[PDB]
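Okay, structure first, notes after.
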Amino acid sequence: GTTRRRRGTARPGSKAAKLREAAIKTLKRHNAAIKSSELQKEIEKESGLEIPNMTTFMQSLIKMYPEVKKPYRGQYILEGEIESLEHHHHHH
DNA sequence: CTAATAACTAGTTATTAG
DNA sequence: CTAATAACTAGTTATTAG
């Protein structure tokens, strides 16, 4: 109704932490590039729950984990062991 | 024409406010 | 839902700079 229509504001996600925890196992079962909406269907299979903002989440994942990369528009990849931040040793 | 700033187009859901 | 502000990918068009 009234003239005070402009109300909102925002910050990066907190529900998005559900994507971090599921996406690590979702991505470790692959070693190849995937689109946001294909990785969404894969995380929906992995977790059984809804998918927060893919662009903000996947860049939050990248800045925390250089093993994750962005080859194209909404297209992402995870290289090898995500534990490579402290797995300085060879593979088993 | 190559480079940077600015406005606009096409894509994607969140979280705050009510 | 209504309403905006938010964080991010990539390209066309236009002005300023060279």
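For the first sequence, the working numbering gives the first residue as 12, with consecutive numbering after it. Even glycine gets a Cβ: it sits at the ideal position worked out from N, Cα and C.
Taking the CA atoms as reference points, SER47 sits about 12 Å from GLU55. Rounded to whole angstroms, the Cβ separation of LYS29 and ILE93 is 17 Å, and the two are not in contact under 8 Å. For the options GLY19, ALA21, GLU57 and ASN42, the alpha carbon positioned closest to that of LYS80 is the one of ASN42.
Distances from the alpha-carbon of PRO63 to those of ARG17, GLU78, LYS26 and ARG16 put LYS26 closest. By the CB criterion at 8 Å, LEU72 and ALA33 fall outside the cutoff. With fewer than 16 other Cβ atoms inside 10 Å of its own Cβ, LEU96 counts as exposed.
For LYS81, the secondary structure class from DSSP, reduced to helix, strand or coil, is strand. Closest in alpha carbon position to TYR87, among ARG16, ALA21, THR67 and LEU60, is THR67. Nearest in C-alpha terms to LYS74, of all of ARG84, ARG31 and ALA21, is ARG31.
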